[PDB]
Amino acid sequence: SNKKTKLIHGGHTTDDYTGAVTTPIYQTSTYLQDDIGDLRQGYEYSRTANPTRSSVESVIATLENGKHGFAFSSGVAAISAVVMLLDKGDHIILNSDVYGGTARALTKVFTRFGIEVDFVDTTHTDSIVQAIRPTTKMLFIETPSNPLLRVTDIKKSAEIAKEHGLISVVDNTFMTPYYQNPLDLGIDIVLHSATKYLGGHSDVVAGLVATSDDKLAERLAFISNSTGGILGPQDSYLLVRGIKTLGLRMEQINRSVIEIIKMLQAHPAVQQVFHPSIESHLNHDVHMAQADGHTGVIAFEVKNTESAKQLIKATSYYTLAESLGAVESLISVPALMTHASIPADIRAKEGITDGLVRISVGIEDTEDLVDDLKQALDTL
């Protein structure tokens, strides 16, 4: 059973009752009990459990080789639920360039509840060892990160977390379960913004979490039931549907990524290119060892803000919009759209130059995507 087959037949996404080959949408809040406390099929109140949500939870658990899945109303709701495993006075280590919304949730919400946050350059895992405090309880890493696609060694991070008694978490959004499986590498919890590649069609906001740890799963179920950031049934259905084509979409994206990077590296109007497939990229070898494919997110430098805006206007098949992982190729300028509150000198210092462009490669024809971006770069 290869990956493309598991996407179709893994998890429980049919109706045992009627035989319907797709998961029914249980647009319902509560369930008849035949006797007090006797549930016909284990359902009693949809916040606690809903059969359509249970379907998408079984899918993500199967795809990540876990035991328990959890579906949340957004990626950041999944992150907040996982952070809530901790208590006031606990410390969490994160990669220093973690997603802006993650950094914001931790530094502007959870620090008010006494969670301490240290961000660390995890591209060298001994940086994690140094940052571990007596109060550290969690290690949270994305790999590759946004927008410069820094790679962190997942297996080494798992071993460090195990040795020091930490809950290890990987935000696996950019790679998806099709290419990278952190639970197989010893990580405790894997999570996703399903808003991106998993849904795949820019039409669901959702978060997904998987684990093989029965005790962490019990704690996550309790947090989900008590703080209530649950995914609804229609969105759960669209997630299950979108995941069916995950393998085909990711493979098309990867073919285009390879050709687009060739073009960018050869083009005179492009300076540095950031992507883990590039052999001079930091921890390229580490990425190849923990993943069998690539994210569709690429960043590259043109000269300045004026060039970046002109590039966007000159393209036919790159769409200016937020998010990533659509069927459409998306284009953005981090310095103006996601890092604009950071002072310009600090942006430059971090590599977020005025001309840094981020593209999220979609499923359009590969030659069209290469040719379109090249001709637009030619106008610079």
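The first residue of the sequence shown is number 1, and the count goes up from there.
The mean C-alpha temperature factor is higher for 269-277 when 221-229 and 269-277 are set side by side. The PDB entry records a higher mean C-alpha B factor for 147-155 than for its counterpart among 147-155 and 241-249. Of the candidates 38, 57, 44, 64, the deposited coordinates give 38 the top C-alpha B factor. Across 329, 316, 52, 29, the entry's maximum B-factor at the CA atom is seen for 316. Looking at the C-alpha B-factors along this chain, the one for residue 24 belongs to the lowest third. When the CA B factors of the chain's modelled residues are split into thirds, the value for residue 110 lands in the lowest one. For residue 72, the recorded CA B-factor ranks within the lowest third of the chain. Only modelled residues enter the ranking. Among all modelled residues in this chain, the alpha-carbon of residue 128 has a temperature factor (C-alpha) in the middle third. Ranked by C-alpha B-factor against the other modelled residues of its chain, residue 118 falls in the highest third.
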